[PDB]
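Fold and geometry: a report
Each chain is listed here by its residues.
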Amino acid sequence: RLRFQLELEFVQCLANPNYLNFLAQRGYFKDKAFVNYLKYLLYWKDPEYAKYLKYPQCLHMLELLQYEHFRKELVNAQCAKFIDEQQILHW
Amino acid sequence: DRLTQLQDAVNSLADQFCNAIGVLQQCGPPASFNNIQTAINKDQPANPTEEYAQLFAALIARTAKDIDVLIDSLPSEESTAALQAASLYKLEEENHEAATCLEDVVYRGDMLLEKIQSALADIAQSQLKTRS
Amino acid sequence: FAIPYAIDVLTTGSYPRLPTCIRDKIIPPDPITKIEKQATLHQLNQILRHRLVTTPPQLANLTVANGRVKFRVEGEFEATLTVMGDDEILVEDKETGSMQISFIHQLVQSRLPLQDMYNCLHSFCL
Amino acid sequence: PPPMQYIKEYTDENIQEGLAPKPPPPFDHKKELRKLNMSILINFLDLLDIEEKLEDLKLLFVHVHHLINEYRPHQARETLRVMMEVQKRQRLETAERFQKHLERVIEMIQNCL
Amino acid sequence: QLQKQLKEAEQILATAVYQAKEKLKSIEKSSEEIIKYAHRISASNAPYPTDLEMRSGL
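Residues numbered from 1 in each chain as written, not as in the entry; some residues may be left out. Chains lettered and ligands numbered in written order. Part of a larger assembly, values for the part shown. Heavy atoms only, no water.

Deposited coordinates in this entry are attributed by the record to cryo-EM, at a stated resolution of 4.5 Å.

So this is what it looks like as structure tokens:
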């Protein structure tokens, strides 16, 4: 039950590019379990689980980082800042 | 549609509220009851104080008309979604009927894509006999 | 209301991201398919016939090969004068027996009017 | 901020053997508005005559937000009646455009042009 | 002219509308459920700088 509460928070955290950028630097994405942890997080895009999500950027970044190409360009700080500015400008 | 601008107008008047208290406080008509102009105090004639105050009062009327007219211009005066759902289901069914016609229209063009193309193939055979 | 986002969870998507059309393409590349390549080849080849119908005695004979038109003119230097054009704007691939051929290959593209290359190519071989 | 500690539950090895179980899930407005805005203005006329009042502006204006957002969905719900009716228009437009050509083609079929 | 109007005829029709069918219709049906779903996380829009994380990561 507790890990599910954390999972809901992690998805909310997964909406912040800086958080993932920090994760990329530490190499958490090298683990295949993480990629497998991500596909498990796909369940939060459904209406029932997303009712407790208040913010939409989590859904994309989940989908965006499914591509192995994105993970390799998130290590560089430039792409992290480009995406971060994109969200701010969009709002 | 229209209620979106109502909130903007409501917030616009909220911003104007703090502006009213920011003008009629340090300013004011220089009354002669205590000849304040003689000494340390500052000066602000009644001409700008009256105009600014009058404009602030006018803005209240402008938003009041916008407030009343917009609330009266809200379509579908209801407090229950069941009536909307039944009506929202009616033309969704009609959209399904329109989709049924779309299937025919898609087929009719495909039929016309072959009805006309058949002659193109038929005449092409005619163009292949004399030259052969 | 955040209505589009409520729709997004139903479709397991997101609205805010589709409006920006530059970032979405920066990250991922696009793959191709062999069957799609043939289908694109055939539909394109239909346009090739339409353009060539409007348009060279020897060139009258042509072969539309896999992914390319083909014209052949007999020549010398251990190779025939052969050109394969695919798109008027055509894109030409020429097969011969090497640097001089590349120079000739460059010239044909520069000229790329159909009769002119037919004559220029003929003149050089002569 | 460590990412997460449960690496042994959703690891690829388990997913190859089988994905782990999914987590369990965790009218009247106008009448109100037509009288409060007037009352809100009374406080402005009362605050001058008389601190509390400046704190009382929001205290009395708070009634607006507890009621405007009740009918605000209906504006969206009424807006729902406006695009889903256009869905027919989207398909009808294709039918209407083809209808002009269905008769033209038939006229083309019967005529030389 | 016959060949000119056949290519036009094909382009006029919206082909493979089955994708739009299963997508639009699924959104519609229920229209009474989406409204209720959006009435409870409203004002969902304003960054989340680690203030909500620390309450959870702890």
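1. So, the arrangement of the chains
Here is the rule: The contact criterion used is simple: two residues touch if any of their non-hydrogen atoms lie within 4.5 Å.
Here the protein chains form 8 pairs of chains in contact, of which the pair with the most contacts is chains B and D. There is a gap between chain A and chain B: no contact, and a shortest C-alpha distance of 17 Å. Note that chain B does not reach chain C: the shortest distance linking a C-alpha of one to a C-alpha of the other is 10 Å.

2. Here we look at the sheet that holds strand 3 (residues 81-86) of chain C
Residue and element names in this part refer to chain C. Worth spelling out the cut-off: A strand pair is defined by DSSP finding two or more bridges across the two strands. Helix and strand assignments come from DSSP, with helices taken as H or I runs of at least 4 residues and strands as E runs of at least 2, each series counted from the N terminus. For helices, the fitted line uses only the C-alpha atoms of the stretch in contact; every axis is such a line through C-alpha atoms, and the angle between N-to-C directions lies from 0 to 180 degrees.
With antiparallel pairing, the 4 strands of this open sheet are ordered in space as 1-2-3-4. Edge positions in the sheet fall to strand 1 (63-65) and strand 4 (91-95), since each of these pairs with one other strand and no more. Going across the sheet, the axis of each strand differs from the next one's by a mean of 30°, ignoring polarity.

3. A short note on the packing of aromatic side chains
Quick reminder of the rule: Any two rings among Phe, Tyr and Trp, with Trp reduced to its six-membered ring, count as a pair given centres within 6.5 Å; such a pair is stacked if its planes are under 30 degrees apart, edge-to-face if over 60, and tilted if neither. Classification of residues uses two cut-offs on accessible area relative to the type maximum, computed with a 1.4 Å probe and protein chains only: under 20% is buried, over 50% is exposed, and between them is partly exposed. For a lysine, the NZ atom is tested; for an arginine, the CZ atom; a charge sits over a ring if that atom is within 6 Å of the ring centre and within 35 degrees of the ring normal.
One pass over the full model with this rule turns up 11 aromatic pairs over all chains. Ring geometry for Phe10 of chain A against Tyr19 of chain A: centres 5.8 Å apart, planes inclined by 75°, an arrangement best described as edge-to-face. Assigned by exposure class, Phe10 of chain A and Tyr19 of chain A land together as buried. Where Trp44 of chain A meets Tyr49 of chain A, the ring centres are 6.3 Å apart and the plane angle is 45°; that geometry is what we call tilted. Both residues of the pair, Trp44 of chain A and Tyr49 of chain A, count as buried. Every member of this aromatic cluster is reached through a ring pair, and the members are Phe10, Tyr19, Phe29, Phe34, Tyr37, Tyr40 and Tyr43 of chain A together with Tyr10 of chain D. A cation over an aromatic ring shows up here: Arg26 of chain A above the ring of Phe22 of chain A, its NZ or CZ 5.5 Å from the ring centre. Here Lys22 of chain D stacks its cationic end above the ring of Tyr43 of chain A, 3.9 Å away from the centre of that ring.

4. A word on a nonpolar patch on the surface
All names here are of chain D. Going by this rule: For patch detection, residues must exceed 30% relative accessible area and be free of salt bridges, and they are connected within 9 Å for like charges or within 5 Å for nonpolar side chains (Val, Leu, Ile, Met, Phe, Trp, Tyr). Under the convention used here, a 1.4 Å probe and the Shrake-Rupley method define accessible areas, while residue burial counts only the protein chains that appear. What makes a salt bridge here is a side-chain nitrogen of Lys or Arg within 4 Å of a carboxyl oxygen of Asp or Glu, nothing more.
Residues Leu45, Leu47 and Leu48 make up a contiguous nonpolar surface patch of roughly 300 Å² in combined accessible area. With respect to the helices, strands and loops of the structure, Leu47 is situated in helix 2 (residues 28-49). You can call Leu47 partly exposed: its relative accessible area is 34%.

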